[PDB]
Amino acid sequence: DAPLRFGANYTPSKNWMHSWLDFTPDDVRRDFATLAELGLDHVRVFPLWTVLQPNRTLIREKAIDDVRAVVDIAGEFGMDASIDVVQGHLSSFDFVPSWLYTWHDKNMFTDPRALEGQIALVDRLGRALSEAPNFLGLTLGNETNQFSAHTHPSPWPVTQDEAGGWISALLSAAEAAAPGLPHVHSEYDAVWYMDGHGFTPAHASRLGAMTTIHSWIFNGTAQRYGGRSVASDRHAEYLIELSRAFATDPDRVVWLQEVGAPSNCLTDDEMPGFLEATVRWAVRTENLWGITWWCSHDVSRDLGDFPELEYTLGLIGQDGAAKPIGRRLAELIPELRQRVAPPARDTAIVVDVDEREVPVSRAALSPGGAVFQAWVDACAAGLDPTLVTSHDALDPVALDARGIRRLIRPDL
């Protein structure tokens, strides 16, 4: 199997995503040179929906050309590039074109006109990027399910059918525009942790070409267990194995598409050790595609209203130099690049599911929950657990397929 991939979610050092408004190739080059110096082999890139498609029937060739230029500039440094189509959500900010706003408000997931416009955007963008030999594939959009969550201040709600329907429509457009590439979709961890959410673990584990994972210890994990702890260090691995439970493809590949070291969870001195612990833990999982760190560069303090933790997630500082977490990752990449046989994991923690294969209690999976604690306790007891649904837990065919020998049924 292929070597493990290591990359960074690209957050432009100069003016962040707003730099798309005055696209400057040499700024991208300077940013990418620092990333290439760490040994990174790919970047994840975020165009803005407000720039790509400011009117439903105006998909701007000039904006798509700028995205292709970023892909080409990554190639100059021998890096590949994946592109998220619909932003959509980034770092607490929502970029929504005016044709889905106020007088034009429409549910981006279920409105036929919004769906037709996103299909057309995926087609135009995918077709332009498919020419590039270093273009990896499309992600539908960053954490786009956050628009549907009941915690969102103005949600666009979806049923489970509706969420899968949006995912499949856009994936079908991506396959038509850029065939043969591994197009995916991306939820934040409400997909695993939020009861009643329309996007389901099955969606994440079964739809798209690989399972994507966003692992963020500011989700209550560090607050309950400590920044440097079993629970925090192995959180990404927890979501990976939890996703495995809901996969129907035995060869399903997992992409740790976002993981970072936030300053409200870790002191500055703890951050290199956390990166190393997280990276080493996730590499010891089966069929991992690679790890994409959040993020490439610190956010400029010239920009206001970001949550405080967003500013210092970079591998590279605003002074242009690699930060301690960047240097640590650069040391680990050659050590961990070549793939090795993964651990056995014969002990599974069962996740009770309902008829629709949705967990009975996603809260139990969330930090502090009965299933989450069972994972923490098993890890702290030196085991390497995995997880199974209560359906599979009674199927000795499915159990023997994964070599599962001991079950752990958490209390409630």
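From 1 onward, residues are counted along the sequence shown.
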Entry B factor averaged over C-alpha atoms, 65-73 against 46-54: higher for 65-73
Of 235-243 and 141-149, the stretch with the higher mean C-alpha B-factor in the deposited entry is 235-243
Reading the B-factor column for Cα atoms of 36, 59, 344, 28, the highest value belongs to 344
Here the Cα B-factor of residue 89, set against its chain, lands in the third termed lowest
The third of the chain into which the C-alpha temperature factor of residue 339 falls is the highest
Chain thirds by Cα B factor, record data; residue 230 belongs to the highest
Of the three thirds of the chain ranked by Cα temperature factor, residue 197 occupies the middle
Split the chain's modelled residues into thirds by Cα B-factor; residue 283 lands in the highest
